[PDB]
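What follows is the content of final-v7.cif, which has mmCIF, N, CA and C atoms and all ligand atoms:
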data_structure
loop_
_atom_site.label_atom_id
_atom_site.label_comp_id
_atom_site.auth_asym_id
_atom_site.auth_seq_id
_atom_site.Cartn_x
_atom_site.Cartn_y
_atom_site.Cartn_z
N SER A 441 134.26 6.50 199.34
CA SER A 441 133.84 7.94 199.33
C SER A 441 132.34 8.10 199.16
N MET A 442 131.89 8.55 197.99
CA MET A 442 130.47 8.80 197.70
C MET A 442 129.81 7.54 197.13
N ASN A 443 130.07 6.47 197.84
CA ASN A 443 129.27 5.28 197.78
C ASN A 443 128.33 5.38 198.99
N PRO A 444 127.02 5.53 198.73
CA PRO A 444 126.04 5.63 199.80
C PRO A 444 126.11 4.49 200.82
N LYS A 445 126.47 3.29 200.37
CA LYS A 445 126.64 2.15 201.29
C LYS A 445 127.84 2.30 202.23
N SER A 446 128.87 3.01 201.79
CA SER A 446 129.99 3.24 202.67
C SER A 446 129.63 4.38 203.64
N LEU A 447 129.05 5.44 203.11
CA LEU A 447 128.69 6.61 203.93
C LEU A 447 127.69 6.29 205.03
N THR A 448 126.85 5.28 204.80
CA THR A 448 125.79 4.96 205.75
C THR A 448 126.09 3.68 206.54
N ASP A 449 127.30 3.14 206.36
CA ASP A 449 127.76 1.96 207.09
C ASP A 449 127.75 2.29 208.59
N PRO A 450 126.98 1.53 209.40
CA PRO A 450 126.91 1.84 210.85
C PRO A 450 128.29 1.85 211.52
N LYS A 451 129.20 0.98 211.06
CA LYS A 451 130.57 0.95 211.60
C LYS A 451 131.32 2.26 211.38
N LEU A 452 131.05 2.89 210.24
CA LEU A 452 131.72 4.12 209.89
C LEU A 452 131.01 5.30 210.53
N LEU A 453 129.68 5.30 210.54
CA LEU A 453 128.95 6.39 211.24
C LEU A 453 129.32 6.45 212.73
N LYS A 454 129.59 5.29 213.34
CA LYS A 454 129.97 5.25 214.75
C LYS A 454 131.48 5.48 214.95
N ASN A 455 132.20 5.77 213.87
CA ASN A 455 133.63 6.05 213.96
C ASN A 455 133.96 7.23 213.07
N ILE A 456 133.64 8.42 213.55
CA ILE A 456 133.74 9.60 212.68
C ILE A 456 135.17 9.84 212.12
N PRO A 457 136.22 9.67 212.95
CA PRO A 457 137.56 9.76 212.34
C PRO A 457 137.74 8.84 211.10
N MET A 458 137.24 7.60 211.16
CA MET A 458 137.34 6.70 210.00
C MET A 458 136.37 7.05 208.86
N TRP A 459 135.18 7.53 209.23
CA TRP A 459 134.23 8.08 208.27
C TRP A 459 134.89 9.22 207.50
N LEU A 460 135.54 10.13 208.22
CA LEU A 460 136.26 11.22 207.56
C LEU A 460 137.43 10.71 206.70
N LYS A 461 138.18 9.72 207.20
CA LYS A 461 139.29 9.16 206.45
C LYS A 461 138.84 8.55 205.11
N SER A 462 137.63 7.97 205.09
CA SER A 462 137.09 7.32 203.88
C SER A 462 136.89 8.35 202.77
N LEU A 463 136.75 9.60 203.18
CA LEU A 463 136.57 10.72 202.25
C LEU A 463 137.85 11.53 202.04
N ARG A 464 138.93 11.09 202.68
CA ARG A 464 140.21 11.81 202.70
C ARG A 464 140.08 13.18 203.34
N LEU A 465 139.30 13.21 204.43
CA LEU A 465 139.04 14.43 205.18
C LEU A 465 139.40 14.29 206.66
N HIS A 466 140.27 13.32 206.97
CA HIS A 466 140.65 13.05 208.35
C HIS A 466 141.38 14.21 209.04
N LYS A 467 141.95 15.13 208.26
CA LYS A 467 142.62 16.28 208.89
C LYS A 467 141.69 17.14 209.75
N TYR A 468 140.38 17.04 209.51
CA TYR A 468 139.39 17.77 210.29
C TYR A 468 138.86 16.97 211.47
N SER A 469 139.44 15.80 211.71
CA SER A 469 139.03 14.99 212.86
C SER A 469 139.21 15.73 214.19
N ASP A 470 140.25 16.56 214.29
CA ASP A 470 140.52 17.34 215.51
C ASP A 470 139.29 18.12 216.03
N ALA A 471 138.54 18.71 215.11
CA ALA A 471 137.42 19.56 215.46
C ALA A 471 136.09 18.83 215.41
N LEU A 472 136.05 17.69 214.72
CA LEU A 472 134.79 17.03 214.43
C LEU A 472 134.54 15.69 215.14
N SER A 473 135.59 15.08 215.68
CA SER A 473 135.53 13.68 216.20
C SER A 473 134.61 13.51 217.43
N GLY A 474 134.41 14.61 218.16
CA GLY A 474 133.50 14.66 219.32
C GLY A 474 132.01 14.70 218.98
N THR A 475 131.71 15.08 217.73
CA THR A 475 130.34 15.29 217.31
C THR A 475 129.74 13.97 216.79
N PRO A 476 128.62 13.49 217.40
CA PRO A 476 128.08 12.20 216.93
C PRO A 476 127.48 12.38 215.54
N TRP A 477 127.39 11.30 214.77
CA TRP A 477 127.01 11.44 213.35
C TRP A 477 125.66 12.10 213.15
N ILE A 478 124.72 11.79 214.05
CA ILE A 478 123.35 12.33 214.00
C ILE A 478 123.32 13.86 214.05
N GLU A 479 124.34 14.44 214.70
CA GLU A 479 124.52 15.90 214.81
C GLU A 479 125.43 16.41 213.69
N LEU A 480 126.54 15.69 213.47
CA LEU A 480 127.54 16.03 212.45
C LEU A 480 126.91 16.31 211.07
N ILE A 481 126.02 15.42 210.63
CA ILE A 481 125.53 15.49 209.24
C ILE A 481 124.66 16.70 208.96
N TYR A 482 124.17 17.34 210.01
CA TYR A 482 123.32 18.52 209.86
C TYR A 482 124.09 19.83 209.97
N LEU A 483 125.41 19.76 210.20
CA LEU A 483 126.21 21.00 210.26
C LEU A 483 126.15 21.72 208.92
N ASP A 484 126.14 23.05 208.97
CA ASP A 484 126.09 23.81 207.72
C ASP A 484 127.46 24.37 207.31
N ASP A 485 127.51 24.99 206.14
CA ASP A 485 128.73 25.51 205.58
C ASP A 485 129.43 26.47 206.55
N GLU A 486 128.63 27.35 207.17
CA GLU A 486 129.16 28.41 208.03
C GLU A 486 129.79 27.78 209.28
N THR A 487 129.10 26.78 209.83
CA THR A 487 129.59 26.12 211.03
C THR A 487 130.87 25.33 210.75
N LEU A 488 130.89 24.60 209.62
CA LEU A 488 132.10 23.90 209.19
C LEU A 488 133.30 24.85 209.07
N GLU A 489 133.10 26.03 208.46
CA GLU A 489 134.21 26.97 208.29
C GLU A 489 134.68 27.45 209.67
N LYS A 490 133.72 27.75 210.54
CA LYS A 490 134.01 28.24 211.88
C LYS A 490 134.74 27.18 212.72
N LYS A 491 134.53 25.90 212.37
CA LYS A 491 135.20 24.79 213.06
C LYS A 491 136.56 24.43 212.46
N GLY A 492 136.99 25.16 211.44
CA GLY A 492 138.32 24.95 210.88
C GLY A 492 138.39 24.31 209.51
N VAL A 493 137.24 24.04 208.91
CA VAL A 493 137.27 23.51 207.56
C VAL A 493 137.32 24.74 206.63
N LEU A 494 138.53 25.27 206.46
CA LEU A 494 138.71 26.53 205.75
C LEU A 494 138.59 26.41 204.23
N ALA A 495 138.88 25.23 203.69
CA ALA A 495 138.84 25.05 202.23
C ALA A 495 137.40 24.86 201.73
N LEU A 496 136.99 25.73 200.81
CA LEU A 496 135.68 25.62 200.16
C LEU A 496 135.41 24.22 199.63
N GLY A 497 136.39 23.63 198.94
CA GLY A 497 136.27 22.26 198.38
C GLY A 497 135.93 21.22 199.44
N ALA A 498 136.61 21.34 200.57
CA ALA A 498 136.44 20.40 201.67
C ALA A 498 135.05 20.55 202.27
N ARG A 499 134.59 21.80 202.48
CA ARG A 499 133.24 22.01 203.00
C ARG A 499 132.22 21.44 202.04
N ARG A 500 132.44 21.62 200.74
CA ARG A 500 131.47 21.14 199.74
C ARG A 500 131.41 19.62 199.74
N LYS A 501 132.57 18.98 199.91
CA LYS A 501 132.62 17.52 199.88
C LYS A 501 131.93 16.95 201.13
N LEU A 502 132.21 17.56 202.28
CA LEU A 502 131.53 17.17 203.52
C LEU A 502 130.02 17.34 203.39
N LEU A 503 129.57 18.50 202.92
CA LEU A 503 128.13 18.77 202.83
C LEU A 503 127.44 17.82 201.83
N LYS A 504 128.16 17.42 200.78
CA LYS A 504 127.63 16.43 199.81
C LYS A 504 127.47 15.07 200.50
N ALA A 505 128.52 14.63 201.19
CA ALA A 505 128.45 13.36 201.94
C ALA A 505 127.32 13.42 202.98
N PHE A 506 127.28 14.50 203.75
CA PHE A 506 126.22 14.69 204.74
C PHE A 506 124.83 14.53 204.11
N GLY A 507 124.62 15.18 202.96
CA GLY A 507 123.33 15.11 202.27
C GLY A 507 122.87 13.70 201.96
N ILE A 508 123.82 12.88 201.52
CA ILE A 508 123.52 11.46 201.23
C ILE A 508 123.07 10.74 202.52
N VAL A 509 123.81 10.98 203.60
CA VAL A 509 123.44 10.35 204.90
C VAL A 509 122.06 10.86 205.39
N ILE A 510 121.84 12.16 205.29
CA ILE A 510 120.55 12.74 205.67
C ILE A 510 119.38 12.09 204.92
N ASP A 511 119.56 11.88 203.62
CA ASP A 511 118.51 11.28 202.79
C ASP A 511 118.14 9.90 203.34
N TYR A 512 119.15 9.07 203.59
CA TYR A 512 118.89 7.73 204.15
C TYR A 512 118.26 7.85 205.55
N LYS A 513 118.80 8.74 206.37
CA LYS A 513 118.28 8.90 207.73
C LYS A 513 116.80 9.28 207.72
N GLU A 514 116.45 10.28 206.91
CA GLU A 514 115.09 10.78 206.92
C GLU A 514 114.07 9.77 206.34
N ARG A 515 114.56 8.82 205.55
CA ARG A 515 113.73 7.70 205.08
C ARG A 515 113.77 6.50 206.05
N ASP A 516 114.45 6.66 207.18
CA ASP A 516 114.66 5.57 208.16
C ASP A 516 115.39 4.35 207.55
N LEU A 517 116.38 4.63 206.70
CA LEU A 517 117.12 3.60 205.99
C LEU A 517 118.56 3.52 206.47
N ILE A 518 118.82 3.97 207.69
CA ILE A 518 120.11 3.73 208.32
C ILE A 518 119.90 2.67 209.39
N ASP A 519 120.78 1.66 209.40
CA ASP A 519 120.61 0.55 210.32
C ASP A 519 120.56 1.07 211.75
N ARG A 520 119.62 0.55 212.53
CA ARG A 520 119.44 0.99 213.92
C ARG A 520 120.71 0.82 214.77
N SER A 521 121.60 -0.11 214.37
CA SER A 521 122.88 -0.33 215.07
C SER A 521 123.77 0.91 215.06
N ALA A 522 123.53 1.81 214.12
CA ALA A 522 124.32 3.06 214.02
C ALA A 522 123.96 4.07 215.10
N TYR A 523 122.76 3.96 215.67
CA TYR A 523 122.26 4.99 216.58
C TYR A 523 122.78 4.81 218.01
CA CA A 601 141.18 23.65 205.25
#

Could you render the structure from this file as C-alpha cells?
Ligand SMILES: [Ca+2]
Amino acid sequence: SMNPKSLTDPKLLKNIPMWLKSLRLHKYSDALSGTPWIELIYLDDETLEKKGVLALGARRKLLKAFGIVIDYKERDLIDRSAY
C-alpha cells in the first residue's frame, strides 16, 4: 500500500490494475486502467468522483498514493523503465 517503494515500482506503475489492487482499489480499474500512470497520478478529487470513485475514503486514499508518486516523479526518482 503506502510503501513508497511499492507505489513507485516501475512494474506496478506500468500495470495500473495491479497498482490499484496493491491499494485494494481494483474495483475502479474499469474507469482508470486506460490512463497511463504519468496522467493518472495528477487526477484531482473532482475528476476521480466524475470517473466513478464515489466513496470519499477511496478518493482520499488514491490522492494520498498519487501524492507520494508525484513527489518521487518531480524529484526524478522514478526509474526510467517506468516511463
Ligand atoms: Ca465508490

Exercise answer, 7 Å around ligand CA 601 (chain A) with only N, CA and C atoms and all ligand atoms, as number ranges by chain: A: 492-496, 498

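Interatomic distance, CA of residue 485 (chain A) against CA of residue 521 (chain A): 28.1 Å.
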
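Among the candidate residues A:463, A:455, A:518, A:473, the one lying nearest to residue 499 (chain A) is A:463, with distances computed using only C-alpha atoms.
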
Separation of atom N of residue 512 (chain A) from CA of residue 448 (chain A), in Å and rounded to one decimal: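 Between these atoms lies a distance of 8.1 Å.
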
Who sits within 9 Å of residue 456 (chain A), only C-alpha atoms, same chain under 4 positions skipped, as a ChimeraX atom specification: /A:452,460-461,466,469,472-477,480

d(CA of residue 445 (chain A), CA of residue 464 (chain A)) in Å: 16.7 Å

Every residue of chain A that DSSP places in alpha helix (DSSP H), as a ChimeraX atom specification: /A:444-447,450-453,456-462,469-472,477-480,485-490,496-514

A:489, A:519, A:449, A:484 ranked by distance to residue 503 (chain A), top pick (using only C-alpha atoms): A:484
